[PDB]
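See below for the structure under consideration.
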Amino acid sequence: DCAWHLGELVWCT
Amino acid sequence: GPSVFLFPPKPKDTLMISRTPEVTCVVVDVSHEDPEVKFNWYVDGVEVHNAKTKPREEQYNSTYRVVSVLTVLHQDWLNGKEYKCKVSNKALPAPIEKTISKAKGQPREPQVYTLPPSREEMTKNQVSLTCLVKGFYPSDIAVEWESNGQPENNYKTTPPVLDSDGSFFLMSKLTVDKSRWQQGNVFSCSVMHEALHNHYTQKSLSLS
Amino acid sequence: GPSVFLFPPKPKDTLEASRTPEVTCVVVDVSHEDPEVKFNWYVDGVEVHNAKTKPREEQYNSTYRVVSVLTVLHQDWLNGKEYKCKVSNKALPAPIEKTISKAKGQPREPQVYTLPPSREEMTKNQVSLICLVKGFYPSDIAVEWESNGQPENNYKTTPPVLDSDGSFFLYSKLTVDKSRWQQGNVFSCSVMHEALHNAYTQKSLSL
Ligand SMILES: *[C@@H]1O[C@H](CO[C@@H]2O[C@@H](C)[C@@H](O)[C@@H](O)[C@@H]2O)[C@@H](O[C@@H]2O[C@H](CO)[C@@H](O[C@@H]3O[C@H](CO[C@H]4O[C@H](CO)[C@@H](O)[C@H](O)[C@@H]4O[C@@H]4O[C@H](CO)[C@@H](O[C@@H]5O[C@H](CO)[C@H](O)[C@H](O)[C@H]5O)[C@H](O)[C@H]4NC(C)=O)[C@@H](O)[C@H](O[C@H]4O[C@H](CO)[C@@H](O)[C@H](O)[C@@H]4O)[C@@H]3O)[C@H](O)[C@H]2NC(C)=O)[C@H](O)[C@H]1NC(C)=O
Ligand SMILES: *[C@@H]1O[C@H](CO[C@@H]2O[C@@H](C)[C@@H](O)[C@@H](O)[C@@H]2O)[C@@H](O[C@@H]2O[C@H](CO)[C@@H](O[C@@H]3O[C@H](CO[C@H]4O[C@H](CO)[C@@H](O)[C@H](O)[C@@H]4O[C@@H]4O[C@H](CO)[C@@H](O[C@@H]5O[C@H](CO)[C@H](O)[C@H](O)[C@H]5O)[C@H](O)[C@H]4NC(C)=O)[C@@H](O)[C@H](O[C@H]4O[C@H](CO)[C@@H](O)[C@H](O)[C@@H]4O)[C@@H]3O)[C@H](O)[C@H]2NC(C)=O)[C@H](O)[C@H]1NC(C)=O
């Protein structure tokens, strides 16, 4: 999956 | 004579894939007669070249301030690679060297727990919502607050405290007007750290 | 030349009328060739003569550590009097002077709020019990935990942060075994600060 921070991409594994 | 100071990337930059982390090798007390500097950067003993010299700043105590920035990959840093800056200047009988790197030690997942105000704070005008981050290594972390997609800025965070298992812990606290807490509103605590799934976790808090 | 450091008394020492709170003038980098050091103390510019000199100590780096300690009255320091140590020594151009006192400004009463362990944590061996201390000025304080008249010592406490109302706040975190917590036990948070009723207060926490 992917994590978003304030609609800014954080990380994807 | 001249002096060297080597600073690490911001925790955020190493953790947000979409940001750009960089080491910064600062050189202070730099003379007018020989302002020129040489930088050689080495990654794990091995030289690199994509260094850059940010523009020379005049200090107004008659010294110059010359700075070298090296860009670095997220994963190189997070895997504990070592970055050495070497500085050479005519007014410096021997070159100076400095190394930095991520603190050596097995990484540990932070445990994140949100905490409603005391039945006792309820009288007072403004209330404190707490985020507790415990059991994390290493100490490089970022904590942010928000509600309805939107940053809340009245928070404050403690410097990471060393625990007795060797991990770190901190508390982050946010102050809101009471009524808002009453008004059913939902607040989120955002934690970015390496030993987390996708370097990011979030936790919410509300009335019950 | 030689260097000077003047330290405050420990906060607890000032807040317990049981102890003796003391100010400390510390002088490092004192030479072997000339280790003799004149101290003069003043409490608000007014000289005093009852400071007491600690045993000389060799630091093993061509230097002595020379100390002078001054006993203070609780009220005296509490009412922010200004304590000053003039240090003098033949290997120093002019005497060095330093001053300290209580951090100036209106004292404010701390609020102490205990916070129980989050349900999410309840699946672990150990649980974190929290003591929120906010709303105090100045930042001089001491924090302890207890249970059944017994000191529980497995806690850590953050250093005070400066809050945005000019006040300070910190957290103490006692970690105990889940079992103990479930079994309805009473854990207490002890706080000593000038601005409390009798410079002491105590909250407690249980399932
Ligand atoms: C002439 O003046 C200069 C300039 O100094 C300024 O102006 C003067 C006149 C005064 O007003 C000063 O107050 C001003 O700073 C003098 O230069 C100073 O020299 C000092 C030693 O000679 C040196 O001391 C060291 O400070 C370190 C902390 O540096 C921080 O913090 C200070 C203030 O706290 C700040 O002013 C500095 O700029 C610096 O800020 C950091 O910048 C870094 C790197 O750029 C940032 O990180 C990067 O950020 C970018 C984007 O911004 C990006 O995100 C990257 O990812 C990232 O890398 C970072 O955010 C800032 N860091 C921090 C922590 O905030 C101390 O750590 C250090 O301690 C070490 O050494 C000590 C003893 O030597 C020990 O106590 C200790 O154990 C450590 O080993 C140093 O003490 C000053 O930094 C320096 N000031 C500046 C501005 O450069 C000069 O000396 C004087 N000349 C003469 C002849 O007298
Ligand atoms: C030869 O060596 C000596 C000794 O060094 C030690 O031994 C050698 C062999 C080495 O192994 C070292 O590693 C050892 O430290 C050198 O002496 C040192 O000089 C330094 C500067 O020259 C000096 O640094 C300054 O320290 C301040 C903090 O001092 C604290 O904490 C340090 C370490 O945390 C500790 O070393 C000090 O002793 C002192 O500890 C406090 O003691 C006071 C008084 O004893 C306590 O208060 C009292 O407590 C009693 C209980 O007994 C009672 O309750 C009383 O009521 C109360 O008054 C207090 O509780 C202690 N606190 C703590 C936390 O322990 C720094 O803050 C300071 O920096 C500040 O000043 C500068 C501004 O000008 C700024 O740069 C800076 O940002 C700050 O504002 C200094 O850095 C060292 O303290 C000193 N070490 C000792 C032990 O004295 C010597 O220089 C060297 N000579 C040569 C030629 O090489």
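Following Swiss-Prot, chain C shows residues 120-326, kept in their order.
If you're wondering, the header gives X-ray crystallography, 2.9 Å.
Positions of Cβ are set from backbone N, Cα and C atoms, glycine also.
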Second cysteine of the disulfide that Swiss-Prot assigns to C:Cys250, among C:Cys204, C:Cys308:
C:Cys308
Among C:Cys144, C:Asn180, C:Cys204, i.e. the recorded positions, the one with its Cα nearest that of C:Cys250 (disulfide bond) is C:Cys144
Specify the nearest of the recorded positions C:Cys144, C:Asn180, C:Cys204 to C:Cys308 (disulfide bond), where nearness means the distance between Cα atoms.
C:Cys144
Rounded Cα separation (Å) that holds between C:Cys204 (disulfide bond) and C:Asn180 (N-linked glycosylation site)
25
Do any of the disulfide-bonded residues C:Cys204, C:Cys250, C:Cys308 touch ligand 2, in the sense that the CB is under 6 Å from one of its atoms?
none
Helix, strand or coil: which one is C:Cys308 (disulfide bond) in, per DSSP?
strand
